[PDB]
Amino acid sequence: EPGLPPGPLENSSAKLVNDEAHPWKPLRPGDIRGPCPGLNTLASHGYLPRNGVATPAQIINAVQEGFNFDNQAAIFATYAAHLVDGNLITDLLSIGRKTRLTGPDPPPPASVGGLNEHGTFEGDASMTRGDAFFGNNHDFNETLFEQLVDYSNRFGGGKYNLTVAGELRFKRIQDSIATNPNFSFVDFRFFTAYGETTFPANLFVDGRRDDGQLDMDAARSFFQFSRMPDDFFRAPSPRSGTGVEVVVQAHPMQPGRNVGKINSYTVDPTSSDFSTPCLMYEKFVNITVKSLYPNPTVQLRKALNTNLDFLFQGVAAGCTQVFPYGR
């Protein structure tokens, strides 16, 4: 019932992806878009179902076909998101808000809240979306985008590149520390917050150039309108987070959180960090997934174990698989 994770592209060359079969269309009533401009764009070009509800296999195929996201990264992200935000029985995940379209819900404490669910996959210090504490963690924010433009002007000669990513990533962390008393920057979010800042440079840059310099017209088109530029070619090879080391090196940070007040950022020594990637995977499964499904019934336990096996396919070589519900 859960389909097998798709394999890598047979042909990963750059090609036109804004093509006749995948035109941009505006939203219809009920169409769901969320905090990810990549998935949003794929839905708005029909690489995913246009209503924003999809299976993990549909998501993996879409990120590969439309943007040349690499297979390992696609698998890890998709199954992580599905485990914490999707319906494991129906095999459906919303790319934004919680919806009845993902089917009959499992029992509490599982939320099946879609990608909009705060603190599962989605988290604080996003580039163009506000922190959940401020009321909306999913819609495009013009003020935040204008700051991205400003940082691109200051550090990228008017373009978004890895140097800009390094500076903006830090600025957003510092702004959340100063204003969000509930700011959390540990474990899974600590990792994804860095990786996501490379994606516009690696994946939104036309693949015929692949120069890591994203122009602001293209940036707005993706971030605000979920729309590929006219004649957009995808990247010329599979990739996801390459160059994340540049972003980290610009302003190395420890994982931590504000402790109920602004300007109280307190390092968490129980968090994983970039020195312990396997711990990030182990805590995600043992703590995050397990807490949503502490004592699942038979069909849920089976679906959990299958999706956990799929998640492990995307885990970097050298980590040991963990089994929260037995073998």
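Residues carry their position along the shown sequence, with the first being 1.
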### Entry-level comparison of average CA B-factors, 105 to 113 and 188 to 196, reporting the higher stretch
105 to 113
### Task
Tell me which of 13 to 21 and 313 to 321 has the higher mean C-alpha B-factor in the deposited entry.
313 to 321
### Query
If you compare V53, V267, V63, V289, which has the highest Cα B-factor in the entry?
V289
### Task
Can you pull the Cα B-factors for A57, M280, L42, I32 from the entry and say which is highest?
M280
### Query
So where's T120 on the chain's Cα temperature factor ranking, which third?
highest
### Lowest, middle or highest third - CA B-factor, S272
middle
### Task
Divide the modelled residues of the chain into thirds by Cα B-factor and specify which third, lowest, middle or highest, holds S237.
middle
### Message
Can you tell me whether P37 has a C-alpha B-factor in the lowest, middle or highest third compared with the other modelled residues of the same chain?
### Response
lowest
## Note on the structure
Chain thirds by Cα B factor, record data; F284 belongs to the highest
